[PDB]
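K.L.:
What follows is a structure written as structure tokens; I'll ask about it next.
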Amino acid sequence: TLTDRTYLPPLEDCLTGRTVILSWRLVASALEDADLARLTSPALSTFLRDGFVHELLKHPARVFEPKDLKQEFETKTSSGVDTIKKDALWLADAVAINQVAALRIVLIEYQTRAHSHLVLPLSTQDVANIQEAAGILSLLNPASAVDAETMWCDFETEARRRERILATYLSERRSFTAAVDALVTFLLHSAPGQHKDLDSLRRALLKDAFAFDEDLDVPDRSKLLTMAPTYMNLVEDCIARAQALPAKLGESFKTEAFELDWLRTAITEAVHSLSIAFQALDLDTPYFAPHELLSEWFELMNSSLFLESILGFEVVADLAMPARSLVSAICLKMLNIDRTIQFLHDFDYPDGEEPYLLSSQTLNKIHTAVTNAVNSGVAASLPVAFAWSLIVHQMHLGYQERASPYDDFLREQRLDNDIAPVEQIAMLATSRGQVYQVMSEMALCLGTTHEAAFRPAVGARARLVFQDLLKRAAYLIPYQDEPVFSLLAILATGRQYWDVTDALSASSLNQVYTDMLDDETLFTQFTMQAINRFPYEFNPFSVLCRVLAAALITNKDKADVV
Amino acid sequence: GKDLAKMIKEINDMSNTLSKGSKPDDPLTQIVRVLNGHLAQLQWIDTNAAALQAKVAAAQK
Amino acid sequence: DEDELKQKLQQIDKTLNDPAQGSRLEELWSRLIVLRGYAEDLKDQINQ
Amino acid sequence: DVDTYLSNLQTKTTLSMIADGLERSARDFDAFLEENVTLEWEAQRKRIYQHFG
Amino acid sequence: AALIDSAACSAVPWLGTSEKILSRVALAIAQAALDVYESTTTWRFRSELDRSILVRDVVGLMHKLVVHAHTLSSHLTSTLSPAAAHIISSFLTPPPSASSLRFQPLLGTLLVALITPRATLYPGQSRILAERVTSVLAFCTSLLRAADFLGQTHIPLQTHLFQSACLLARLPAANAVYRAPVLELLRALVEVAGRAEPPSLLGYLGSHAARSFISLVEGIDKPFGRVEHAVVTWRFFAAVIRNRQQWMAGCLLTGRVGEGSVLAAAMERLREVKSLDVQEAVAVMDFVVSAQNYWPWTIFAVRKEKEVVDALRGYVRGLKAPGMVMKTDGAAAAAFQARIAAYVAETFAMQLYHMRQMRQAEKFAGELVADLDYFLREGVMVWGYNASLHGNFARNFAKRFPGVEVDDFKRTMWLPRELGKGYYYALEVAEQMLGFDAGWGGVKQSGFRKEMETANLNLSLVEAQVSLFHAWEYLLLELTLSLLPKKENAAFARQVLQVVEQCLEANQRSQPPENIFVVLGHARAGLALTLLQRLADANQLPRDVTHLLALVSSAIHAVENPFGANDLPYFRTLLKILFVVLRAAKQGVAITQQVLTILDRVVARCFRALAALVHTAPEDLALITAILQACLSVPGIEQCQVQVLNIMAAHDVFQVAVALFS
């Protein structure tokens with residue numbers, strides 16, 4: 001009893017305009033800006049409160065999995081419809097999406113023709129007016145500018161219409177990904193002191209989709225923890241489409257601009273999937289993730305070269321840098337260096353989930369993937385490789401004291417007698433502080449400042465893996481200026497003075513900060529040493545005090561620490 | 001030109017209907033119109049005659 | 001002699017393709033519709 | 001009907017035409033007062049005509 | 001910016017300062033900010049985000065400086081007055097040599113915004129660019145309002161603002177957030193184009209671009225349906241229609257009748273006013289009136305073709321609209337309901353005038369007269385001013401704030417006054433100006449904030465009552481001519497007499513202030529004057545002057561006798577009112593004792609005053625003569641002639657009459 005009425009209203013409303021379908025662009029904008037009115041609007045409220053949208057956002061693959069919905073398509077297109085149906089059929093034949101999704105995208109593009117036309121190059125009269133205003137400032141393109149008549153006559157053509165439809169399809173894919181990501185973010189890390197309507201909507205959406213009830217002493221995370229593989233599997237199709245464009249698509253449309261747009265869309269979709277996975281993982285921080293999923297994920301990354309094949313181009317650097325940072329973040333998250341070391345040193349069973357530590361095959365796969373990544377000569381694998389090297393360095397010693405399953409791994413790839421490869425990898429990673437520099441860059445692209453690529457909460461929860469890595473790595477490599485500047489660039493991110501506000505947020509966002517005063521490893525090694533090295537080493541203590549005073553303004557329990 | 005004509009027509013419609021709109025078949029708007037015609041023609045005569053008068057000054061060399 | 005032709009053409013074309021000149025008509029039309037409604041109302045009022 | 005309405009229409013705010021009712025009233029009141037004072041003079045003369053007998 | 005914000009709080013920590021010092025510092029800061037704004041168009045930044053943040057900051061500073069100067073007209077805004085004045089003189093009438101140096105930054109910002117690609121990542125840069133665009137738009141709006149004020153006939157910035165709107169027409173396509181601010185700016189440009197044909201906007205926008213912008217904006221926030229962006233788009237549409245814009249108005253009303261035009265949705269919203277938010281209903285009705293008064297032939301035609309859905313809803317609203325809504329659940333909704341009723345009455349009156357011009361107003365008027373109950377309840381009666389609480393608040397504010405007065409928070413008419421809690425008192429600034437010391441916040445949401453909000457709501461209600469007064473005045477004036485035949489005379493005469501009595505009672509009861517609202521003297525007298533005029537022309541009065549004349553006599557006694565003062569129109573209209581009243585009485589004993597007061601104390605005193613002043617006068621003397629003539633005709637005087645001989649002989653009027661005759 002889950003229909004697409006609210007999801008895909010009747011075509012008569014879309015055509016007559018009596019009800020504009022809530023495209024994913026508007027939902028993504030409303031979830032990104034956190035607007036109260038829009039989020040509490042009746043239309044969007046009914047759209048999100050529907051179980052159909054919940055099932056769709058919990059299974060995005062089904063939204064574009066190739067299926068045979070000819071009957072539904074014919075029933076919807078029956079009772080300017082001929083052109084709409086023709087475009088929908090052409091898109092469904094070109095791309096593997098279903099006919100319903102193609103029809104919906106075509107309807108959305110039809111309703112959004114005004115924007116697609118206004119985002120086009122301006123006319124000649126406009127360029128003349130701009131030149132008259134100007135009496136630097138040369139962001140025009142008069143060599144290709146044309147009049148409005150020839151711009152409109154070319155807009156109504158068939159090739160241009162199909163190109164605009166494909167561009168709108170890619171934009172709607174990106175908007176759906178961003179919208180579901182922001183929705184998961186707002187539902188998991190909801191900020192306190194929000195309007196009553198927002199809290200009620202959050203509770204309703206949770207109880208309807210994942211049965212996550214705050215009044216229950218133990219909510220049902222099952223349906224929320226099952227969102228990691230749902231996107232880790234879709235990343236496969238994302239990279240497959242990135243490395244190969246649709247074959248059924250006409251060759252005339254496969255131009256340089258179209259290829260670049262497709263690559264950027266695939267990279268954005270992969271980044272959003274990785275972010276959703278990282279969120280679903282950090283939702284359960286202390287417990288381990290199912291090793292059956294990490295095995296396949298590490299095999300995927302091994303095969304794809306950590307998405308370096310699609311990101312190897314020089315025209316996607318702005319999207320590659322954040323993509324590589326998020327890949328490293330999710331790798332360090334699923335690695336759980338902190339919990340892994342706790343288990344290796346404590347030997348007590350967590351009971352939350354079985355880790356990959358009991359499977360030698362997963363260890364072999366991870367080791368060969370790290371080896372291939374380091375041999376390929378890629379920087380994105382620097383922090384992941386370093387971390388893995390540390391883990392192996394702790395497993396070696398664990399074996400020396402016992403001289404059980406991990407022993408199989410340690411003896412399978414000839415890693416028991418010699419420790420040369422991991423040591424050389426760590427040496428190369430620490431040489432010239434390349435690992436620290438790349439970690440600082442990732443934190444900058446995964447921070448809270450305006451330079452960050454994601455929302456403030458996203459970066460706040462992403463810096464946790466790097467902070468834990470520095471925590472467990474601090475007692476191994478000695479205190480030195482490079483790790484300190486790295487941690488400073490991580491925690492502070494390089495924000496300005498006016499980027500400090502007393503806006504109370506969720507405790508989760510403040511976790512990454514309070515951990516400095518919660519865990520003894522990050523308290524007696526960085527904070528105490530930073531205080532002791534003053535005013536001799538002024539920048540670390542100064543930046544630490546600055547970030548602490550900026551983050552603990554509302555925290556009355558730690559307001560007098562600075 | 002066409003649009004301008006449409007405009008003028010509409011203006012005429014509004015003025016005529018506003019001034020009188022309970023007998024559009026009446027002799028007033030008739031006299032008005034014919035009399036306007038005469039005005040225009042008289043203007044033409046005046047202007048062109050003035051032009052010819054000006055043209056004679058050239059021969060007065 | 002083509003230059004002279006396109007010069008004249010450019011001049012007249014430039015004279016036509018102006019914001020103000022084109023705008024005046026549009027402004028005029030609404031400016032007329034105002035009087036249209038006003039007159040029709042005042043007419044209906046004094047339609048006795 | 002609509003044709004004649006659009007033909008005899010004037011480009012001007014409607015709230016100004018209805019306002020003319022005030023002017024018209026101010027111009028009618030004068031004649032109305034003159035009729036009052038004439039029917040009054042008349043009445044007076046009548047009552048005098050009934051006083052003499 | 002922080003220094004200017006701190007100086008804005010001139011109602012207070014500050015040991016070692018003075019007005020002159022702060023004024024000089026503010027002037028220097030303004031000069032430095034203007035120099036930075038003029039020089040930023042030449043620096044080469046490593047990235048665009050730095051220049052964007054700089055432009056945002058300087059624009060926000062200039063906007064906060066401009067708004068603070070015109071938001072109030074008291075001395076509180078004198079510390080930053082030389083600075084605001086400087087910035088305005090430099091951004092409204094700059095020299096022709098450096099005129100483009102101050103405008104190129106805004107053009108470059110708009111260009112960078114209209115050609116920035118859409119990206120799901122980097123939300124910081126996105127929000128910074130959005131705030132920069134909103135600040136630039138607010139600054140443009142502030143400059144336009146400043147130019148509109150102070151009487152600026154030649155605005156050289158309008159030529160550049162037109163070509164900036166040329167880009168702002170496409171800018172919203174990149175981000176929906178810009179849809180409201182952009183429209184606001186456009187509305188302010190149109191307002192400056194009204195009080196100044198204007199430059200054709202279609203020449204700058206373009207046919208295709210203009211049609212695309214219209215098709216994008218015609219749907220008022222359809223996917224969400226918010227109230228703020230709705231009122232914004234309705235005020236924008238009303239302003240665009242009110243001005244000389246004709247191409248855009250036609251394309252927005254017709255839609256290329258109306259099938260996808262703004263009106264097709266405005267009717268859909270009007271047919272659900274019973275449940276729609278009253279706040280948006282006011283803006284919708286304002287748009288309807290703006291489209292009717294300037295483009296009636298289309299709006300009225302479409303409404304008559306679809307009157308079956310609008311007249312029924314109007315009747316429903318009228319019948320179930322109580323008069324005294326304060327006592328019931330709701331205090332701020334009273335002003336909104338009054339404004340909605342006033343707009344509905346105005347629209348009904350306009351359509352009735354159009355129908356009368358078309359000779360089709362009989363049945364509609366006969367059906368509408370049965371819906372005037374809310375008018376009879378809360379129409380001409382403006383006694384809901386409640387001067388008691390206003391005076392109490394004024395005294396309480398003058399006792400706690402000796403330096404700052406309650407009248408100091410009066411708006412300078414810089415921005416269109418909202419019909420909310422900030423109609424007269426500037427609450428948006430007061431919240432940050434008086435919230436520094438204890439007393440503004442108050443326990444349990446008490447103190448001066450709630451009282452100021454209630455006073456603003458009462459003032460908005462009074463304004464809505466005045467609007468309804470004008471609307472019902474026009475409606476009844478046209479109905480008196482419409483309902484000339486001998487039918488429905490009973491209810492008609494009852495309503496007219498009730499209106500006259502309410503007006504005469506309000507003329508005696510507590511009056512509103514003259515500095516806030518318009519003087520009512522001579523504004524509501526001609527209404528009853530013409531009403532009684534037409535009712536006498538119809539000769540359908542119940543000769544019930546025994547009580548109606550008492551209010552007129554009390555008014556004439558308590559008017560201070562301004563026979564020849566500046567209040568000459570008021571005296572003349574009162575004289576005409578009493579003339580028509582005593583004439584109606586003549587058509588009808590207990591009347592003579594009640595009408596001898598005018599013959600003894602009124603006519604003689606006014607005649608003596610006129611004779612003494614004349615040593616203007618002709619018409620007043622003729623009116624007094626007509627009054628006496630029509631008053632000496634009442635039947636009750638033909639027997640009390642004995643009793644009146646002495647009162648008429650006591651003043652010796654014959655001597656002064658013969659003297660003036662000489």
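We name chains A, B, ... following the order of the structure tokens; residues begin at 1 in each chain, and ligands are numbered from 1 as shown.
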Got a sec to pull out which chain D residues are within 7 Å of chain B, counting only C-alpha atoms, and send them as a list in words?

P.N.:
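Using only C-alpha atoms, chain D residues at most 7 Å from chain B: residues 4, 5, 6, 7, 8, 9 and 10 of chain D.
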
K.L.:
Taking only C-alpha atoms into account, what are the residues of chain A at most 12 Å from chain C, put as a compact mmCIF listing (two decimals) with N, CA and C atoms, in the first residue's frame?

P.N.:
```txt
# COMPACT_ATOMS: atom_id res chain seq x y z
N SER A 123 22.35 37.67 -24.32
CA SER A 123 22.23 38.11 -25.70
C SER A 123 23.23 39.22 -25.99
N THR A 124 23.18 39.74 -27.23
CA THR A 124 24.10 40.80 -27.63
C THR A 124 23.75 42.12 -26.95
N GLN A 125 22.46 42.43 -26.85
CA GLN A 125 22.05 43.67 -26.19
C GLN A 125 22.50 43.69 -24.74
N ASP A 126 22.46 42.53 -24.07
CA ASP A 126 22.93 42.47 -22.69
C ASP A 126 24.42 42.76 -22.60
N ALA A 128 26.13 44.54 -24.68
CA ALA A 128 26.29 45.96 -24.95
C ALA A 128 25.98 46.80 -23.71
N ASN A 129 24.90 46.45 -23.01
CA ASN A 129 24.56 47.18 -21.79
C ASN A 129 25.65 47.02 -20.73
N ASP A 147 22.32 37.00 -30.80
CA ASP A 147 21.09 37.69 -30.46
C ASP A 147 20.13 36.74 -29.75
N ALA A 148 18.99 37.28 -29.31
CA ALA A 148 18.02 36.47 -28.59
C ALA A 148 17.21 35.59 -29.55
```

K.L.:
When you get a sec, could you note down which chain C residues fall within 10 Å of chain E, using only C-alpha atoms, as an MDAnalysis selection string?

P.N.:
chainID C and resid 16:48

K.L.:
May I ask for the distance between atom CA of residue 266 of chain E and atom CA of residue 234 of chain E, given in Å to one decimal place?

P.N.:
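Computing the Euclidean distance for atom CA of residue 266 of chain E and atom CA of residue 234 of chain E yields 9.5 Å.
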
K.L.:
At what distance in Å, to one decimal, does atom CA of residue 175 of chain E lie from atom CA of residue 29 of chain A?

P.N.:
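The value is 9.0 Å.
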
K.L.:
So that I can check the surroundings of residue 343 of chain A, please list as an mmCIF file with C-alpha atoms, in the first residue's frame every protein, DNA and RNA residue that reaches within 10 Å of it, counting only C-alpha atoms and ignoring chain neighbours fewer than 6 positions away.

P.N.:
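The resulting file, part.cif, is shown below:
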```
data_model
loop_
_atom_site.group_PDB
_atom_site.id
_atom_site.type_symbol
_atom_site.label_atom_id
_atom_site.label_comp_id
_atom_site.auth_asym_id
_atom_site.auth_seq_id
_atom_site.Cartn_x
_atom_site.Cartn_y
_atom_site.Cartn_z
ATOM 1 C CA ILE A 337 42.117 2.076 14.616
ATOM 2 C CA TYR A 349 34.855 -9.377 22.738
ATOM 3 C CA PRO A 350 32.904 -6.164 22.011
ATOM 4 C CA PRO A 355 35.121 -7.615 13.352
ATOM 5 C CA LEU A 357 39.992 -9.416 12.824
#
```

K.L.:
Which residues are close to residue 550 of chain E, i.e. within 10 Å by only C-alpha atoms, leaving aside same-chain residues fewer than 4 positions away? Reply as number ranges by chain.

P.N.:
E: 504, 545-546, 554-556, 594-595

K.L.:
Taking only C-alpha atoms into account, produce a table as JSON lines in which each residue of chain E with an atom at most 6 Å from an atom of chain A appears once, together with its shortest atom pair and the distance in Å to one decimal, ordered by chain and rising number.

P.N.:
```
{"residue": "E:121", "atom": "CA", "partner": "A:453", "partner_atom": "CA", "distance": 5.1}
{"residue": "E:122", "atom": "CA", "partner": "A:453", "partner_atom": "CA", "distance": 3.7}
{"residue": "E:124", "atom": "CA", "partner": "A:450", "partner_atom": "CA", "distance": 3.9}
{"residue": "E:125", "atom": "CA", "partner": "A:450", "partner_atom": "CA", "distance": 5.9}
{"residue": "E:170", "atom": "CA", "partner": "A:118", "partner_atom": "CA", "distance": 5.2}
{"residue": "E:173", "atom": "CA", "partner": "A:115", "partner_atom": "CA", "distance": 4.7}
{"residue": "E:212", "atom": "CA", "partner": "A:114", "partner_atom": "CA", "distance": 5.2}
{"residue": "E:216", "atom": "CA", "partner": "A:114", "partner_atom": "CA", "distance": 6.0}
{"residue": "E:223", "atom": "CA", "partner": "A:20", "partner_atom": "CA", "distance": 5.7}
{"residue": "E:224", "atom": "CA", "partner": "A:41", "partner_atom": "CA", "distance": 5.4}
```

K.L.:
Please dump the current selection as a compact mmCIF listing (two decimals), in the first residue's frame; keep N, CA and C atoms.

P.N.:
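The new file result.txt reads:
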```txt
# COMPACT_ATOMS: atom_id res chain seq x y z
N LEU E 121 28.76 20.61 -3.16
CA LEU E 121 29.79 20.70 -2.15
C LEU E 121 30.12 22.16 -1.85
N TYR E 122 31.01 22.36 -0.89
CA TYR E 122 31.44 23.69 -0.47
C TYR E 122 30.24 24.54 -0.08
N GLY E 124 29.98 26.42 2.52
CA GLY E 124 30.43 27.69 3.06
C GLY E 124 30.48 28.78 2.00
N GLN E 125 31.12 28.48 0.87
CA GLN E 125 31.18 29.46 -0.21
C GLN E 125 29.79 29.79 -0.74
N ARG E 170 17.94 37.13 -14.42
CA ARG E 170 18.43 35.76 -14.57
C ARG E 170 19.10 35.22 -13.31
N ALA E 173 17.77 32.27 -11.26
CA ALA E 173 17.83 30.94 -11.86
C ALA E 173 18.93 30.09 -11.24
N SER E 212 10.54 34.57 -19.69
CA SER E 212 11.05 33.53 -18.81
C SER E 212 10.95 33.95 -17.35
N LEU E 216 8.68 32.24 -14.44
CA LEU E 216 9.32 31.73 -13.23
C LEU E 216 8.69 32.31 -11.98
N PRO E 223 5.91 25.21 -4.55
CA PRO E 223 6.32 23.93 -3.96
C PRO E 223 6.25 23.90 -2.44
N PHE E 224 6.31 25.06 -1.78
CA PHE E 224 6.26 25.13 -0.32
C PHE E 224 5.05 25.91 0.17
```

K.L.:
Pull out every residue of chain D that has at least one atom within 7 Å of chain E, counting only C-alpha atoms, and report them as a ChimeraX atom specification.

P.N.:
/D:12-15,25

K.L.:
Given the selection you just returned, output its residues as a file containing C-alpha atoms, formatted as a PDB file, in the first residue's frame.

P.N.:
```pdb
ATOM      1  CA  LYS D  12      -6.383  56.348 -15.635  1.00  0.00           C
ATOM      2  CA  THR D  13      -6.820  55.041 -12.108  1.00  0.00           C
ATOM      3  CA  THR D  14     -10.365  53.908 -11.349  1.00  0.00           C
ATOM      4  CA  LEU D  15     -10.373  55.241  -7.775  1.00  0.00           C
ATOM      5  CA  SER D  25     -22.371  66.258  -4.882  1.00  0.00           C
TER       6      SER D  25
END
```
